[PDB]
Structures are given as C-alpha cells and as structure tokens.
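Notes follow once the structure below has been shown.
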Amino acid sequence: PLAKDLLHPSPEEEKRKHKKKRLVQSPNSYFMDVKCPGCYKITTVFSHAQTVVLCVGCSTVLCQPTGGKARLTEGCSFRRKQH
Amino acid sequence: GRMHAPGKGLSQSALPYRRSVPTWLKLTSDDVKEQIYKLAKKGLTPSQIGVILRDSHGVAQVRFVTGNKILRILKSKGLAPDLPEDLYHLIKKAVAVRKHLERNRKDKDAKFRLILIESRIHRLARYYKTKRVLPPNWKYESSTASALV
Amino acid sequence: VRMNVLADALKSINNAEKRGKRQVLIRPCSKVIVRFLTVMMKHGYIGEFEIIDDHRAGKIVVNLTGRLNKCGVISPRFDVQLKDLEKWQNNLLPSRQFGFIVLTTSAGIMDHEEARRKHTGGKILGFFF
Amino acid sequence: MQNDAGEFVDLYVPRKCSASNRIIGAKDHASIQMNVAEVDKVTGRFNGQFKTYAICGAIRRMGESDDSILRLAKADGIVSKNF
Amino acid sequence: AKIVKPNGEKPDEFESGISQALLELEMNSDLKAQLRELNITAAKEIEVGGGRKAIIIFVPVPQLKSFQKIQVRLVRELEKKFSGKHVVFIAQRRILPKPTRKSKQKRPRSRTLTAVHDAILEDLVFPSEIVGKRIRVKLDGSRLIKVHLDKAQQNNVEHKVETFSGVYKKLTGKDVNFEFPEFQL
RNA sequence: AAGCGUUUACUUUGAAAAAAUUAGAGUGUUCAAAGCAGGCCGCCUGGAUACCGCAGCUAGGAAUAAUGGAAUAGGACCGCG
Ligand SMILES: [Mg+2]
Ligand SMILES: [Mg+2]
C-alpha cells in the first residue's frame, strides 16, 4: 500500500513490533507482586528477574531465572502493576 | 557491528518514555543509597548493584529515584574502585586466557583471541587517560597484571 | 557507521518519493534536518511534517507530494562565496528557472536566491528540484 | 507555461496521475482515464455525471492501481466512509 | 503574608489576597504541619478562552515537590473560595540568555530555554503525566505542540484542558493542544 | 569619547597591494592591428574602471564545525575582620 498512515498504528500492529522499532520505544517487561503461599508479605519482582529472588525471612524461594521471562515457583501467585 | 566480531546484533535495553518514579514505589532517595553502600561493602561492581536492585526491590533506575547514577553515588562516598570495572574485567579475562596458553601452546585460536582482549584494553586505556581518571603513567603490563586481579 | 544524518534524511525522502509513497519516516531528527525541511516547504516541494519527540534524537514523519524530483546532500560542506555561487548552481541545478541550493549562512539556513538578496554566502548543504 | 507577456507558448498541458501526481507521458500506453457514474441519492440511478480518475502505467505495473482507485472514490463519497 | 517577592517590593492586593486566602486555610484545615514550612513566590490572573479567568501560582523550586504532595487537595479547598477560577502551580524558574561572543561561569542545562519550557509544561498538568509529544509544523511555517496524557487521572483534568492552552500560551507563546490517547496509556 | 571584556575556522566589509599584459570606458590611426590621443571656433578637454588566488592587517554576522568553564569545588557574586 502507498498511503499507509505512519503516525497512527493500531495497538495490534504496534505490540508485535520490535521494542526498539516502535514509533516510540517501550520495554516489554514489567513488575509484579509475588506472594508466597506461606507468608503474608508481597514482594516486587521484575519479570525478567535475572537473579534468584527469595523472600526475606528465609521462608522459600520465589523465581528461577531463565533465558527470557523468569519462572515463578509452584504456588506463588503474581499480579502485574501499572502506573 | 561488533568491534572485534563479524556479528551485527540488536539486543539491548529500551528505556520507557516516562522517567518519573512509580506511584507504588515507596522507597525514597535518602534510604535508597545507604542500601547501595552496604551492597558495595559486600563487594559488588555497580553493574551488578543495579541488577539486584530492580528485581528484588522494584527500583528500576536509580538515576530517577536518586538524583545521580550509581557510580557517582559510590565515588562521592569514597567507595569507587581503584580502576573502572569495565577495564577491570578485560584485565581479569586477559589473565585467565594468558594462563591457559602457558599450559598448552598449540592453541593457535586461543593465542589469536589474546590479541583481541589486549587490543581492547589499550583502546580503552587511552580513553580513560584523556578523561584523567587513570594517571598518565598507567601502563598495562602482562607480567604484573595477575597481582591486581 | 553513521557519519552524516542529513544525508540519511534526504536519501530516505528520495527513495520514498521515487516510489510514490505518501509518507516517509526520518529516523534521526536534528535541528539541521528540521530547518532543511522548512526551506523545502516555503516552495511547496513537501507538505507538513511531524516531529515525534521521544527523549532521544527524535523521528520525523513527512507528508510527501509528487512535486519532488531529487533532493540531494553535498558532502563535505564546502565554503562558497557569492562570486562562486553562480558556478555551483550551474552544475547541480536543472535550469535557471527552478531548483534551489540550500546553504547555511550566519543568518541561518536558507536558499541561494534569498541568500543573494541579503549579500551573504556560507557553506553549502544540499539542493532540491 | 508562461512568458513575460503572459501568453501560453506550450503545445499542450499533459495529464497527471491522480494517485502519484506525476505527468503521464504521450506514449504511456498503460495509463488509463477511469470514469465512475454518480447516482441519485433517493433512488440510485445514473444521472449523467462522472467522477473521473486517471492512473499512470507505472502504478498499474506496481500493482497499486486498485487501492489507488479505492481511496480516491472513498474521498469522493462514492465508496462508504468506513468501507 | 506568605508571599516573598524576590526583588523585595510589596505585592499587589490580588496576590496579597491569595496570601491570607492560604493562611486562613493553614489554621482551619488538616494542613497544620505541611503549610508551615511551605511558601509562595508570586501569583497572577490570566484572561483565557472566552469570558473566563484563570489563576497561576508561582512556587519556589526547592519546595515544589512538597506542593505536588498536596496540590490536588490544596487547589480544591482553594477552589471553594475562588468560584470561577482555575488554579495551577508552576515553579519559579530562571532563563539565562545564551552566551554570545560579545559577552561569567558556565550556564547549567537546567537554566536553558528548552529545558525550562518542557519543565513548565510538565508541571502545568500535575495530576496527569505526559506520555508523548508531537510537533506539527504547518504550511505557513509555524509550529503546534500536541501533548498526550495518561488515561489514569483523566476525569480530574478533562475540564482544565482549555485552561492549559491559555496558560502555556501566555507564559511561553506556543500553540499547544492536549489529547488523551486510549492507544497505550 | 580611552580601554576592557573564550579562541578560532567561515562569510561580508575596508586598507594596502608597481607598471606593462588580459577584460573594459572614451577616441573615425582613411578602417583594422594599433596608439593615447584630440575637438571648437585662445578655449574645451582626456589619459577612467574591474580582477590581482594564498599568506598578513581592519570592522560587522553568529547558522554550520572544532575548543573552554563549577564535580577531591582549589566555584561564582556580596559585603565584614
Ligand atoms: Mg576495526
Ligand atoms: Mg599590475
């Protein structure tokens, strides 16, 4: 197509674009609240944690790093947050 | 492209447009930096000080919560290293490779790499000397590099 | 690497214009490119344009018409007097009626005709016709 | 084309593509001059008026002629605004 | 009198009206502790779109963050006093001239004209944060800034958008339009 | 009105830069190449002007391109002993 609008893409085709190739840059990662089934405090964990995060008090461990998104241990509920 | 490789990669970090502290983050600037100081006392380069802050504490970029970057915080307190950490890791790597070569000498490929690490040191060494962070007499010696890890 | 950012804007505009596209995206934005594009508007060679403002060297979306033949940059930026201005437009412009040389002076970036009226030369940047 | 006296010296003013806005040459045998009928609003019958579009041969070879026709008609109300 | 004029002259009655319009607010409302250390520099009334007025309040930069901590509630309680006005807070910032060859230590980038205009705009709309910016350069040669605001805290500022364009036009001299994109945020 | 006040590169300006040659003004060597002569019934007159890179000197302009400032403050102004 010739008269393709470059100013206004729909969010469908803007989400699939590469993080650096968007109209304006925006990371694909996020933060989230991870609560152990045992304790009561909620910790903030990066999606791509890149480190082994464990809850304070030496109760259990929270996430295991991988090559992409970090994977959470069994039973740990998470909810992402916005601002 | 890479300085010493034929690859042309694109993987890198993308800062979001918004540069304000999030509303859910309650840790404040004055009590951010003393956590940085104690993590530096454990012994940690500023590269990995910020890594374990944005996954365990929710502080994305200290330059936004605090008024300055991590290395500026450390040096204003007096905990900056003797030599820059990026230059340090080149020297540590060159020592490891050079030690591998004395054990086995037919490793022609390993010898070829040693020029590439050493070339990167000298290119990086003259940069820091123009910025007056290393003394004008600072020279990289392969024999005595092992002592300073 | 990328040594000149104006050369990438003009070449990108020319590639899209020559293929009949309606909008083109200039990836790095600079004060020189924005000032060069406004000179391109006072004579109706392009439409209006946007400046997407991220916190880095921004982007630019230009509304293209079919009114452009070739925009080109001249590198390096030679210093040209007003005595030598006649020669330059005799080599890189199609005819004496149309086509403009965009050169930067102490009074700002401007075309060769309106630079001659205020009696001031400078450094050439490019042209269009 | 104009001279000092304001006379018209050019032999003929050539046509111009309605999609790319470039001169259609005298030997551009692939160029077309489309005619589209306009109908009455209440009834929908050919009145006798036309909305004329012209596409040069370069666009037709490029495979963009049909889209170019569609947007021109859409801007003229012939095609529905949402399409 | 909470007004401190930097040049040391008496403020006029209108902003002196603002002075005890806040001292009385200090002693009666829950702001016994917060307003004690705060201060006000200058105030002005602005003629804006239509037969409508608007008020802008200059605040010293060091205490600006403190005002934002109470800005939403303070203006509401200040609004129930001033009936048909819109009141917003902007810092008192200095624009040092660009150095020329005919003329003093280095000018920081904060005191530049570019870094002060966006600072003024970014603080003009406090409760909502800028999420994008576009500049439209029309055919006549003039510019037009388009500002994008987050959907969160949209119903708290939707009625103030006409005020924002009027205030920024008088402070700077820039044609500006505000919009709220559902696209991302 | 004396002087003072980041430095250049760049651009416009002004001076100074031998003639002859080249370009060019006037001028019927019978025309021309030339020459600097001639014209009017003692007088009227001409023997101009442009260019002369680069380097050096002078004053405006501040876009473009370098360079400098306050970051172990060994900082700028302001007054006191
Ligand atoms: Mg190389
Ligand atoms: Mg001579």
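Here chain B follows Swiss-Prot, giving residues 2-150 in order.
So this one's electron microscopy, 3.1 Å, going by the header.
Including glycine, each Cβ sits where the backbone N, Cα and C put it.
Taken from Swiss-Prot, the feature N6-acetyllysine applies to B:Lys27, supported by similarity to another entry. In the three-state DSSP scheme, B:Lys27 (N6-acetyllysine) is classed as coil. The Cβ of B:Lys27 (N6-acetyllysine) lies under 8 Å from the Cβ of no residue that is in the same chain and 6 or more residues away along the sequence.
Swiss-Prot lists B:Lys27 (among others) with the feature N6-succinyllysine.
Residues or ranges marked as ubiquitin cross-link in Swiss-Prot (evidence: similarity to another entry): B:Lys27.
For B:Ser30 (phosphoserine), the number of other Cβ atoms no farther than 10 Å from its own Cβ, over all displayed protein chains, is 13. Feature annotation from Swiss-Prot assigns phosphoserine to B:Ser30; the stated evidence is similarity to another entry.
What Swiss-Prot records for B:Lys34 (among others) is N6-succinyllysine, and it gives similarity to another entry as the kind of evidence. If you draw a 10 Å sphere around the CB of B:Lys34 (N6-succinyllysine), it holds 19 other CB atoms from the protein chains shown. Under the DSSP three-state reduction, B:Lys34 (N6-succinyllysine) is assigned to helix.
B:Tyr38 (phosphotyrosine) is surrounded by 14 other CB atoms, counting those within 10 A of its CB over all protein chains shown. Under the heading phosphotyrosine, Swiss-Prot lists B:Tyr38.
Under the DSSP three-state reduction, B:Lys43 (SUMO2 cross-link) is assigned to helix. According to Swiss-Prot, the feature SUMO2 cross-link maps to B:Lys43.
Sequence-distant contacts (6 or more apart, same chain, Cβ under 8 Å) of B:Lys43 (SUMO2 cross-link) do not exist in this structure. For B:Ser30 (phosphoserine) paired with B:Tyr38 (phosphotyrosine), the C-alpha to C-alpha distance reads 13 Å.
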